[PDB]
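A single chain, nothing else alongside it, follows as structure tokens in the form deposited in one PDB entry.
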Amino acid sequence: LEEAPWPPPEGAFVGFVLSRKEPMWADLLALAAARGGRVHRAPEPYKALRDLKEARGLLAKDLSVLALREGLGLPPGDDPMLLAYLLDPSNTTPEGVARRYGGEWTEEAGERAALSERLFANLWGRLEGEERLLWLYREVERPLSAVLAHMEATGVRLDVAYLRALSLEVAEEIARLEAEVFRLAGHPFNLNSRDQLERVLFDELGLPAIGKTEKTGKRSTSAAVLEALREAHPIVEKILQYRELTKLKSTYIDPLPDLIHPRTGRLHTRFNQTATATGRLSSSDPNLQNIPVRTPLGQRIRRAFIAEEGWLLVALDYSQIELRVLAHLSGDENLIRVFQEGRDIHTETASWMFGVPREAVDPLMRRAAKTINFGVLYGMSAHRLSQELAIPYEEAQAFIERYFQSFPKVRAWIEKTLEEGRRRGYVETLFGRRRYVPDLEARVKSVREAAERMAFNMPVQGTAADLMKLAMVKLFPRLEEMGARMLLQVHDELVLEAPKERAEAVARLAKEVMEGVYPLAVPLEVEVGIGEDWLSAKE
């Protein structure tokens, strides 16, 4: 490209280099723009940001986030990564997209700007005629990038002193459990090393090996194996407790307080828009979509996510979302009637699992039933189900039979989806988002059947993702006009932050927007709560 002086003309493609991948923490090392066969390189990147009207190019959202961090309203526009991701969601990184559609991802701003230009032209042309993918781009993914940039730059408040105190308490309990393990083993070793633990459990203590690991064939020490051995030796129960506490301390309690940003005083995740095979978002650096919630200690961690003073958190979460989606996609009359009658299949599975009235189901029980319902739906074996429910093999196989007998149109939909996936090579969501699954025709059965479970999961999970994304796009301008913030997305859940005096109005409105995002053959119901902390808002 011919070099031309900064600034670039309006509408040019942007290229940029960060000192590190996280835009909230990155130094902007270089900034360039390309257009009309010309490349423009900025003498001072920070100053030159003020010249741009929007971020148009590869990884546009990251540049927009850094602009917001600097107090600049620079919205993200076109991003050929989003085009590539709609054509094939295995298009997840710039390195791969470049090597597929006509360029090379380097470390220089100007080359990245020129690459963004050539890649947009090529990919936009590949979408000519793909009307449904173009609708998803214009109506969901491109506007969604702007919502996500604002969420990333806003962040979430964390009770740091709380988590600091909690680390010290959890350490004390870890030390006691460790001493108990070493004593029950008769000697110390590195309880964090699964190799050392394997030798101690299965060679020294002679416990029976339940299963083996995939690539190296070691005797597994997974929670499931230990669950199976929970009564075969008292040490197992203690190892299960040690694993729980060390997992939560090392992954959440200790690292999260060290990620507070100095200028915002808040914690900033990244919402990756081209990272999953189904159209879900992902979250990283840190992942705020897998914050603990299940166990009592997990709940204490979740309580550390709090509202700014004078604000409240609002948490909203679709009810039984993939089951409602399945009802719509399959057309099963029986499953539809379940939701038109206000029934709860997680509660009903819970009542059967634990043999208690629906009134007696607690959150820990409902979660367990949740895993059963989706485990069975997406192809869990009677063998594993027998082990999860702790019932005879026969009684687990009888549950899988009843489950699908209740909704006969579902297996019919599974087979039509797989058959169409074999013919077309891809499966698709309600909105036409595609996932290519060529192993539906694999000649090795185990491989093929794994591909089948991925293939008919995708329309259900991806439709639910499409609906959530569309709701975010519709809800975001309403929130800005009410003075409220969108903070987090957790797949079928939003966490908002609102002025105390407006929290109730925001909760009501967000619930309506979410439930009415796109009418299906069943109603979408959204559970909403308000609190000073993430856990209390979910109650």
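Just count from 1 along the sequence shown to find any residue number. Each form is matched to the other, and the largest set of C-alpha atoms that superpose within 1.5 Å is called the rigid core. Only residues modelled in both forms are compared.
Below, we turn to the form deposited in another entry, even though it does not appear here.
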{"item": "After fitting the core, residue 457 CA displacement of 2 Å or more between this form and the one not shown", "value": "no"}
{"item": "Residue 377 C-alpha relocation of at least 2 Å between this form and the one not shown, rigid core basis", "value": "yes"}
{"item": "Residue 407 and residue 351, C-alpha gap in the other form relative to this structure (3 Å or more)", "value": "closer"}
{"item": "Cα distance between residue 313 and residue 366, which in the other form differs by 3 Å or more from this form, closer or farther", "value": "farther"}
{"item": "Stretches between this form and the one not shown where the CA atoms of at least 3 consecutive shared residues shift 2 Å or more, core fixed", "value": "345-373, 376-378"}
